[PDB]
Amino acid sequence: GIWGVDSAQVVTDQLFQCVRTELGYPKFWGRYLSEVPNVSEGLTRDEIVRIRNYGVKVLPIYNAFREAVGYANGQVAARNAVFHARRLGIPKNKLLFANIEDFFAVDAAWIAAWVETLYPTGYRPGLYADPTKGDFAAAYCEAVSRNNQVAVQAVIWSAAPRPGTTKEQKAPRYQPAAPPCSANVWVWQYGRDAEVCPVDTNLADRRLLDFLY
């Protein structure tokens, strides 16, 4: 596994140096496409320039939605994610991850819309989710049965299991939970809220990196 982090807040030089010196050198950094009050700080072009200046890949996340039900709703989410990605200058054939928290309602139609709406934009669909708690895994597997391209195109960032944050050199073997059907489970959030720095810790399959900016 390749090691990285994610954060609700902007990557300033101060936060990068905290991570670099207290945890390890992140190869990727999960960040949010838009501002959600009390929840996430959005990306800016200036921040992307800095992240890339460190040789770190941006892992973009769309989280301006609180439920993941319905085809039309999934289309709106995808269209908004792409709008923000373009505004930020994220190039085509890069992943955009939908933030599906474990307590959200989720259905197969929403997942289908996320995937299908993204395809002609050139962005690739990502799904951040917990395959072990809540509706995601069944919704995903139904979507795959209905259209195998869900499994071909989508990349999953799994939020389980969660043994806890570590320094990079202490990270566990790559072992994310997966849904019980075909998937590309290429990212794993193995710990949340590291406390020495206000970040979560992740591991990835190296195929991820070619789909990050």
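Numbers follow the displayed sequence, beginning with 1.
Between 24-32 and 61-69, the higher mean Cα B-factor belongs to 61-69.
According to the PDB record, 87-95 carries the higher mean C-alpha B-factor of the two stretches 87-95 and 106-114. Between the residues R45, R52, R146, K167, the entry's highest C-alpha temperature factor is the one at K167. Among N38, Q153, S182, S158, the highest C-alpha B-factor recorded in the PDB entry belongs to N38.
Among all modelled residues in this chain, the alpha-carbon of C197 has a temperature factor (C-alpha) in the highest third. Sort the modelled residues of the chain by CA B factor and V187 lands in the lowest third. Looking at the C-alpha B-factors along this chain, the one for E101 belongs to the highest third. In the PDB entry, a CA B factor belonging to the middle third of its chain's modelled residues is recorded for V82. Sort the chain's modelled residues by C-alpha temperature factor and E142 lands in the lowest third, per the entry.
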